[PDB]
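With compact mmCIF, C-alpha atoms and all ligand atoms inside, this is my_file-v2.txt:
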# COMPACT_ATOMS: atom_id res chain seq x y z
CA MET V 1 110.20 99.34 91.82
CA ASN V 2 112.67 100.47 94.51
CA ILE V 3 114.17 98.96 97.69
CA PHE V 4 111.05 99.71 99.74
CA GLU V 5 108.64 98.02 97.40
CA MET V 6 111.00 95.09 96.95
CA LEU V 7 111.33 94.47 100.70
CA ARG V 8 107.58 95.03 101.20
CA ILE V 9 107.01 92.16 98.77
CA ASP V 10 109.53 89.84 100.38
CA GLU V 11 108.57 90.45 104.01
CA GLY V 12 104.80 91.22 103.83
CA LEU V 13 103.11 93.41 106.49
CA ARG V 14 101.61 92.13 109.78
CA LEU V 15 100.22 94.32 112.45
CA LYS V 16 100.27 91.77 115.27
CA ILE V 17 103.38 90.07 116.76
CA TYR V 18 104.12 86.92 114.67
CA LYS V 19 106.80 84.36 114.25
CA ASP V 20 109.21 84.63 111.38
CA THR V 21 110.48 81.72 109.29
CA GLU V 22 113.10 80.93 111.97
CA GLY V 23 110.52 81.09 114.72
CA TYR V 24 111.46 84.52 116.13
CA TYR V 25 109.11 87.17 117.34
CA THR V 26 108.64 89.86 114.60
CA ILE V 27 106.18 92.61 113.77
CA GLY V 28 105.39 94.99 110.83
CA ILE V 29 107.55 94.65 107.73
CA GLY V 30 110.10 92.10 108.86
CA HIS V 31 111.18 94.01 111.99
CA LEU V 32 112.78 91.33 114.27
CA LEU V 33 111.86 92.03 117.86
CA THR V 34 113.83 89.37 119.81
CA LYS V 35 115.34 85.93 119.42
CA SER V 36 114.08 85.14 122.86
CA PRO V 37 111.31 82.60 123.30
CA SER V 38 109.40 84.79 125.55
CA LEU V 39 106.34 86.58 124.22
CA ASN V 40 106.68 88.98 127.11
CA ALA V 41 110.19 89.69 126.21
CA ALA V 42 108.78 90.52 122.65
CA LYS V 43 106.02 92.81 123.84
CA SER V 44 108.52 94.65 125.98
CA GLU V 45 110.89 95.28 123.07
CA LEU V 46 107.90 96.29 120.95
CA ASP V 47 106.74 98.87 123.49
CA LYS V 48 110.24 100.24 123.85
CA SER V 49 110.51 100.43 120.02
CA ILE V 50 107.18 102.33 119.53
CA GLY V 51 107.13 104.48 122.64
CA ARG V 52 103.71 103.36 123.87
CA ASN V 53 102.03 100.35 125.47
CA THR V 54 101.06 98.44 122.50
CA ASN V 55 99.75 95.22 123.87
CA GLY V 56 101.37 93.46 120.77
CA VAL V 57 99.51 95.43 118.15
CA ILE V 58 100.64 98.47 116.04
CA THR V 59 99.10 100.59 113.27
CA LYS V 60 100.19 100.74 109.62
CA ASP V 61 102.02 104.08 110.15
CA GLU V 62 103.97 102.60 113.11
CA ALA V 63 104.95 99.62 110.95
CA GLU V 64 106.05 102.02 108.24
CA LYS V 65 108.08 104.03 110.64
CA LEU V 66 109.96 100.96 111.85
CA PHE V 67 110.54 99.93 108.26
CA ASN V 68 111.96 103.35 107.29
CA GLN V 69 114.40 103.07 110.24
CA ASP V 70 115.38 99.61 109.26
CA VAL V 71 116.21 100.28 105.61
CA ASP V 72 118.16 103.37 106.74
CA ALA V 73 120.16 101.30 109.24
CA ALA V 74 120.76 98.58 106.61
CA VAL V 75 122.24 101.14 104.10
CA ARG V 76 124.36 102.79 106.86
CA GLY V 77 125.56 99.41 108.07
CA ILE V 78 126.75 98.55 104.57
CA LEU V 79 128.58 101.86 104.25
CA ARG V 80 130.37 101.45 107.60
CA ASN V 81 131.37 97.89 106.84
CA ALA V 82 134.83 97.39 105.33
CA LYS V 83 133.91 94.25 103.46
CA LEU V 84 130.58 95.48 102.21
CA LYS V 85 131.20 99.06 101.24
CA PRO V 86 133.50 98.26 98.36
CA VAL V 87 131.00 95.82 96.91
CA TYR V 88 128.19 98.25 97.18
CA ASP V 89 130.22 101.10 95.56
CA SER V 90 131.03 98.86 92.69
CA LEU V 91 127.42 97.95 91.87
CA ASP V 92 124.69 99.49 89.71
CA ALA V 93 121.47 100.79 91.32
CA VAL V 94 119.40 97.64 91.00
CA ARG V 95 122.05 95.27 92.29
CA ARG V 96 122.64 97.65 95.21
CA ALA V 97 118.98 96.99 96.14
CA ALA V 98 119.67 93.25 96.13
CA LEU V 99 122.62 93.63 98.56
CA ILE V 100 120.50 95.86 100.78
CA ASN V 101 117.78 93.17 100.85
CA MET V 102 120.25 90.49 102.02
CA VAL V 103 121.58 92.76 104.74
CA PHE V 104 118.09 93.63 105.98
CA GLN V 105 117.22 89.88 106.23
CA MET V 106 120.42 88.47 107.57
CA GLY V 107 122.43 91.26 109.13
CA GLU V 108 125.72 92.77 108.07
CA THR V 109 127.70 90.14 109.74
CA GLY V 110 125.92 87.39 107.95
CA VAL V 111 126.32 88.93 104.51
CA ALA V 112 129.94 89.87 105.14
CA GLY V 113 130.39 86.14 105.60
CA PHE V 114 129.66 85.35 101.87
CA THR V 115 133.27 86.11 101.05
CA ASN V 116 133.48 84.27 97.75
CA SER V 117 130.17 85.59 96.34
CA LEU V 118 131.07 89.14 97.34
CA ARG V 119 134.32 88.84 95.38
CA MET V 120 132.48 87.51 92.40
CA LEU V 121 129.94 90.33 92.54
CA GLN V 122 132.73 92.85 92.76
CA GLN V 123 134.30 91.41 89.65
CA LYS V 124 130.97 91.40 87.84
CA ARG V 125 130.97 87.66 87.26
CA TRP V 126 127.13 87.47 87.46
CA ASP V 127 126.42 83.92 86.57
CA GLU V 128 129.20 82.67 88.81
CA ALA V 129 128.08 84.70 91.71
CA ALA V 130 124.48 83.37 91.33
CA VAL V 131 125.71 79.77 91.42
CA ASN V 132 127.84 80.39 94.57
CA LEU V 133 125.10 82.35 96.35
CA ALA V 134 122.77 79.30 96.07
CA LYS V 135 125.18 77.12 98.08
CA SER V 136 124.07 78.46 101.37
CA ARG V 137 121.74 77.76 104.21
CA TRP V 138 119.93 81.01 103.19
CA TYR V 139 118.90 79.58 99.83
CA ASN V 140 117.93 76.19 101.29
CA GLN V 141 115.82 77.73 104.03
CA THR V 142 114.02 80.48 102.03
CA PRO V 143 114.41 79.35 98.46
CA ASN V 144 111.69 81.48 96.79
CA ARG V 145 112.94 84.73 98.30
CA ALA V 146 116.62 83.79 97.73
CA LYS V 147 115.80 83.00 94.02
CA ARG V 148 114.30 86.44 93.62
CA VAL V 149 117.42 88.17 95.10
CA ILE V 150 119.75 85.96 93.14
CA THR V 151 117.93 86.72 89.87
CA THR V 152 118.23 90.40 90.66
CA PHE V 153 122.03 90.02 91.05
CA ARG V 154 122.32 87.91 87.90
CA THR V 155 120.33 90.15 85.57
CA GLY V 156 120.47 93.56 87.00
CA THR V 157 116.72 94.06 86.36
CA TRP V 158 113.53 93.85 88.50
CA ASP V 159 112.12 91.04 86.53
CA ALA V 160 111.74 88.64 89.47
CA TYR V 161 109.62 91.12 91.19
CA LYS V 162 107.37 91.80 88.27
CL CL S 201 113.98 99.99 117.22
CL CL S 202 111.02 81.69 100.60

Rewrite the structure from the file as structure tokens, please.
Amino acid sequence: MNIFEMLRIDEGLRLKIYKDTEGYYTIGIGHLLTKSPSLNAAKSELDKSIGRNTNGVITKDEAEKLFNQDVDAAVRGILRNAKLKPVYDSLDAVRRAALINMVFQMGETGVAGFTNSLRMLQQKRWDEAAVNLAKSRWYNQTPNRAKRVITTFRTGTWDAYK
């Protein structure tokens, strides 16, 4: 199991523009296109993102290409972030995957906002961090996915994904 397979499980793969859990236009493996309510605004961003007139539909390779860019950007965002970087450097390989997953889903800004949990992760207080992470809109809105990530941070294994 690695970050790619983990995120592929959490986000699924759709080749036609769809609406995410928040109602925003998305495509591929969790690639947010726009928060705008306009489907035309979405197709436009999609075409700009792929470099061709897609008419709202892409191939598997194109989805995979977006996904590789997105995980790359997630990692790089963590490393450039003053609040995140230290947490990431402190963690083992599996738990690093869990932090990357949160960032990919909610953005660097969003994650950087979990001040207390980040401090607990940094100190390796696993059970405490898991309890604090659950007190969030994130957990209440996407509980099954949050539970998986939380279990990953608590145990340091891929059990929730197996
Ligand atoms: Cl893009
Ligand atoms: Cl969920």

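CA of residue 93 (chain V) to CA of residue 76 (chain V) spans 15.9 Å [interatomic distance, one decimal].
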
(request) Rounded to one decimal place, report the CA of residue 73 (chain V)-CA of residue 113 (chain V) distance in Å. (result)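 CA of residue 73 (chain V) sits 18.6 Å away from CA of residue 113 (chain V).
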
(request) Grab me every residue within 10 Å of ligand CL 202 (chain S), counting all atoms listed in the file, and send it over as a PyMOL selection string. (result) chain V and resi 10-11+21+138-148

Hey, can I get the axis-aligned box for region 20-33 of chain V? All listed atoms, 4 Å padding on each side, centre and edge lengths in Å to one decimal, as AutoDock Vina command-line options.
--center_x 109.2 --center_y 88.0 --center_z 112.8 --size_x 15.7 --size_y 22.1 --size_z 18.1

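Using all atoms listed in the file, the nearest neighbour of ligand CL 201 (chain S) within the list V:79, V:102, V:120, V:63 is V:63.
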
(request) For each of V:96, V:124, V:48, V:154, take the minimum atom-to-atom distance to ligand CL 201 (chain S), counting all atoms listed in the file, then give the residue where this is smallest. (result) V:48

(request) Compare V:160, V:112, V:71, V:84 by their minimum atom-to-atom distance to ligand CL 201 (chain S), counting only C-alpha atoms and all ligand atoms, and give me the closest one. (result) V:71

(request) Counting only C-alpha atoms and all ligand atoms, name the residues that have an atom within 9 Å of an atom of ligand CL 201 (chain S); the answer should be given as a ChimeraX atom specification. (result) /V:31,33,45-46,48-50,66,69-70

(request) For residue 27 (chain V), please output as an MDAnalysis selection string all residues within 8 Å (counting all atoms listed in the file; exclusion window: fewer than 6 positions along the same chain). (result) chainID V and resid 13:18 33 63
